[PDB]
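Notes follow once the structure below has been shown.
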């Protein structure tokens, strides 16, 4: 059991895996089965600039984690580690707490304001 | 049929008590002990309350109370019961525990405190 | 027993709310906690958290760690604390923001 953080353009998520003994292919399969992200869109990396790309070819250019054959143990991943996942399209990450809009304090109405 | 309503019949227009206009006058006075007991039994039918409730003692202790004041007393008892449980309920969480919501019941002590207040 | 006539005003202890005091780092979007707080909250390095303050005000800040920080304190700098409309010695809740 190991918890790995997944950073994307939409924000941050987390995934629980069996351990670092699996490879990138198993990690991608688990991501598909848990976050419901299709395999053809998932691209993994360790650099923070992966999410700064705007083309799937550019995402695949970061081959430090693109290849599914590479074992996860060789990357020294651990509890609370950081990974970057890029995928086509924009999604809304679940679990968002309610946030009040700016300036919405003191809605003091008046009779003149009503008029 | 015309049914008036007032508080002091002296303050009404003296010409309205002539024969034919308002010839029947009824005095809804302050209830006695049995009246207060019946009013309380009517008002506390919907509230949750423990078996310890002693409505006879509350009826005897209340003197000079009318129906409205007894309704206010029952409301005060319920509010006191909620306020005593307030020490464990957190206002920041709108998800009040279901068992907590069903573990609140008014007893005799809350009624006595509300009567005192 | 206790006097319950004023039983609403007082706060209730929770592992989700801490106390606000001064810090060292002076970046506009950083706040320094203690690693035990992250362990209790299941938070990790570089996570961006949501801070909720007085009069329904809230902001987003990056939480880092240091051993100097105490577990029941948050070590909030002056700028963020001014944005939260709070002062040292008050209670501030903490949550996590999934959507950056």
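Residue numbers (the authors' numbering), protein chains in the order written: chain G, 1 to 115; chain A, 345 to 461; chain B, 13 to 112. For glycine and all other residues, C-beta sits at the position ideal for the given N, C-alpha and C.
When DSSP labels each residue in this structure, what does residue i get in the three-state scheme?
{"i": "residue 98 of chain B", "result": "coil"}
{"i": "residue 59 of chain B", "result": "coil"}
{"i": "residue 94 of chain G", "result": "coil"}
{"i": "residue 353 of chain A", "result": "helix"}
{"i": "residue 22 of chain B", "result": "coil"}
{"i": "residue 104 of chain B", "result": "strand"}
{"i": "residue 358 of chain A", "result": "helix"}
{"i": "residue 101 of chain G", "result": "coil"}
{"i": "residue 377 of chain A", "result": "helix"}
{"i": "residue 13 of chain G", "result": "strand"}
{"i": "residue 450 of chain A", "result": "strand"}
{"i": "residue 41 of chain B", "result": "coil"}
{"i": "residue 77 of chain B", "result": "strand"}
{"i": "residue 393 of chain A", "result": "strand"}
{"i": "residue 28 of chain G", "result": "helix"}
{"i": "residue 36 of chain G", "result": "coil"}
{"i": "residue 48 of chain B", "result": "helix"}
{"i": "residue 387 of chain A", "result": "helix"}
{"i": "residue 439 of chain A", "result": "coil"}
{"i": "residue 14 of chain B", "result": "coil"}
{"i": "residue 398 of chain A", "result": "coil"}
{"i": "residue 107 of chain G", "result": "coil"}
{"i": "residue 455 of chain A", "result": "helix"}
Quick one: measure Cβ to Cβ for residue i and residue j, integer angstroms, because I've assumed they're closer than 8 Å.
{"i": "residue 27 of chain B", "j": "residue 52 of chain B", "result": "6 Å"}
{"i": "residue 430 of chain A", "j": "residue 19 of chain B", "result": "5 Å"}
{"i": "residue 29 of chain G", "j": "residue 66 of chain G", "result": "That pair is no contact at about 15 Å."}
{"i": "residue 406 of chain A", "j": "residue 445 of chain A", "result": "Residue 406 of chain A to residue 445 of chain A, Cβ: 30 Å. No contact."}
{"i": "residue 3 of chain G", "j": "residue 80 of chain G", "result": "6 Å"}
{"i": "residue 86 of chain G", "j": "residue 27 of chain G", "result": "Between residue 27 of chain G and residue 86 of chain G the Cβ distance is about 14 Å, and since that is not below 8 Å, they are no contact."}
{"i": "residue 83 of chain G", "j": "residue 46 of chain G", "result": "7 Å"}
Can you pull the chain B neighbours of residue i, defined as C-beta to C-beta under 7 Å?
{"i": "residue 448 of chain A", "result": "By Cβ distance, chain B contributes nothing, its closest Cβ being about 14 Å from residue 448 of chain A, past 7 Å."}
{"i": "residue 97 of chain G", "result": "62 and 107"}
{"i": "residue 434 of chain A", "result": "24"}
{"i": "residue 93 of chain G", "result": "110 and 111"}
Against residue i, what residues of chain A qualify as contacts under a CB-to-CB distance less than 8 Å, listed in chain order?
{"i": "residue 86 of chain B", "result": "Going along chain A, no residue has its Cβ under 8 Å from residue 86 of chain B, so there is no contact; the nearest lies around 17 Å."}
What in chain B is Cβ-close to residue i, meaning under 8 Å?
{"i": "residue 56 of chain G", "result": "By Cβ distance, chain B contributes nothing, its closest Cβ being about 21 Å from residue 56 of chain G, past 8 Å."}
{"i": "residue 13 of chain G", "result": "110"}
{"i": "residue 89 of chain G", "result": "Correct list: empty, because the minimum Cβ distance to chain B is about 15 Å."}
{"i": "residue 428 of chain A", "result": "16 and 19"}
{"i": "residue 10 of chain G", "result": "111 and 112"}
{"i": "residue 431 of chain A", "result": "14, 16 and 19"}
For residue i, write down the residues that DSSP places opposite it in a beta bridge.
{"i": "residue 84 of chain G", "result": "G:7 and G:45"}
{"i": "residue 12 of chain B", "result": "Residue 12 of chain B lies beyond the residue range present for chain B, which begins at 13 and ends at 112; the question has no answer from this structure."}
{"i": "residue 32 of chain B", "result": "None, per the DSSP bridge assignment."}
{"i": "residue 71 of chain G", "result": "G:23"}
{"i": "residue 2 of chain G", "result": "G:17"}
{"i": "residue 85 of chain B", "result": "B:31"}
Can you list the residues of chain B that residue i reaches, using a CB-CB cut of under 9 Å?
{"i": "residue 23 of chain G", "result": "Within chain B, no residue comes near residue 23 of chain G; the closest Cβ sits about 23 Å away, beyond 9 Å."}
{"i": "residue 82 of chain G", "result": "56, 57 and 58"}
{"i": "residue 438 of chain A", "result": "Under the 9 Å cutoff, chain B gives no residues; its nearest Cβ is about 15 Å from residue 438 of chain A."}
Could you work out which residues of chain G lie near residue i, taking near to mean beta carbons separated by less than 7 Å?
{"i": "residue 68 of chain B", "result": "100 and 105"}
Could you work out which residues of chain A lie near residue i, taking near to mean beta carbons separated by less than 7 Å?
{"i": "residue 56 of chain B", "result": "Ordered by position in chain A, no residue passes the 7 Å Cβ test against residue 56 of chain B, which lies about 25 Å from the chain."}
Item to check | contact_flag[the region 86–97 of chain B, the region 58–72 of chain B] where n(CB pairs < 8 Å) is 3 or more | outcome: yes
Item to check | Residues of the region 19–44 of chain B with Cβ closer than 7 Å to any Cβ of chain E, in chain order | outcome: In summary, chain E is missing from the structure at hand, where the protein chains are G, A and B.
Checklist entry - Is the region 39–53 of chain G touching the region 14–22 of chain G, taking contact as three or more C-beta pairs under 8 Å? => result no
Next on the checklist: Can you confirm whether the region 385–402 of chain A touches the region 351–362 of chain A when touching is taken to mean that 3 or more C-beta pairs between the two stretches lie within less than 8 Å?
Outcome noted: no
Next on the checklist: For the structure I just gave you, are there three or more beta carbon pairs, one from the region 97–104 of chain B and one from the region 21–36 of chain B, closer than 8 Å?
Outcome noted: yes
Checklist entry - Should the region 104–114 of chain G be regarded as contacting the region 61–80 of chain G, the criterion being three or more beta carbon pairs within less than 8 Å? => result no
Next on the checklist: Below 8 Å, how does it come out for the region 370–381 of chain A and the region 432–444 of chain A: are there three or more Cβ pairs, yes or no?
Outcome noted: no
Next on the checklist: With a threshold of 8 Å, are at least 3 pairs of Cβ atoms found where one atom belongs to the region 7–21 of chain G and the other to the region 77–96 of chain G?
Outcome noted: yes
Checklist entry - Is it a yes or a no for the region 50–62 of chain G touching the region 92–102 of chain G, going by three-plus beta-carbon pairs under 8 Å? => result no
Checklist entry - Should the region 36–49 of chain B be regarded as contacting the region 67–84 of chain B, the criterion being three or more beta carbon pairs within less than 8 Å? => result yes
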